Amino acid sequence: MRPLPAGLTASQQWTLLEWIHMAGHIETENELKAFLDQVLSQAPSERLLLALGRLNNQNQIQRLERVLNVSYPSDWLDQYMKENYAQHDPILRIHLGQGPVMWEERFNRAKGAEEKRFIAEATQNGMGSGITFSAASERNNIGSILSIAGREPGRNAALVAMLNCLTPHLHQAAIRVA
């Protein structure tokens, strides 16, 4: 269990409380999307996606079970699927449950030609910067990622901490929905 954030204002504390309270009442994909729309409305980004995956023994996604696009450009997602970027996207290689991953930091460390190709393409599509939160359940090797694209979220330490803490509850909701 990841620790709750220190240094939140009463307003931020209340927002987080509302978010985790709401998340625990999510039963349907409809409710899940509606809730993510609400969370999105509080972040300095316009691009959010949640995915659920079956994991390997190192807590990496080996199979995508559900992709819930909230506000990624549909053209980018279409390209991602069509061009099989799942095989080249460094974000899908994260060890889930090991802490928030900043994309620019992860991208700068990539070495493969195909990975660099993907990064260049993501960059042209306004996806060069962002953050991915994650949670995993070894009850049945299942995990979730919450991705938010942009530079501003990562610079808001409180928001990062809030979304990070929300993530395990979104994970439980996603499992219920699936």
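In case it trips you up, residue 1 is the first one in the sequence shown, and so on.
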task: Compare the mean C-alpha B-factor of 164 to 172 with that of 9 to 17 as given in the PDB entry, and name the stretch with the higher value.
output: 9 to 17
- line: Taking the deposited Cα B-factors and averaging over 104 to 112 and over 68 to 76, the higher mean is found in 104 to 112
- request: Tell me, please, which of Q58, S147, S41, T123 has the highest C-alpha B factor according to the deposited entry?
  value: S41
message: Ranking the modelled residues of this chain by C-alpha B-factor as given in the entry, is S45 in the lowest, middle or highest third?
response: highest
- line: Chain-relative C-alpha B factor for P153 (record values, thirds): the highest
field: Chain-relative CA temperature factor third for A34
entry: highest
message: When the deposited Cα B-factors of this chain's modelled residues are ordered and cut into thirds, is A86 in the lowest, the middle or the highest one?
response: middle
message: Per the entry's values, where does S129 land by CA temperature factor relative to the rest of its chain, in the lowest, middle or highest third?
response: middle
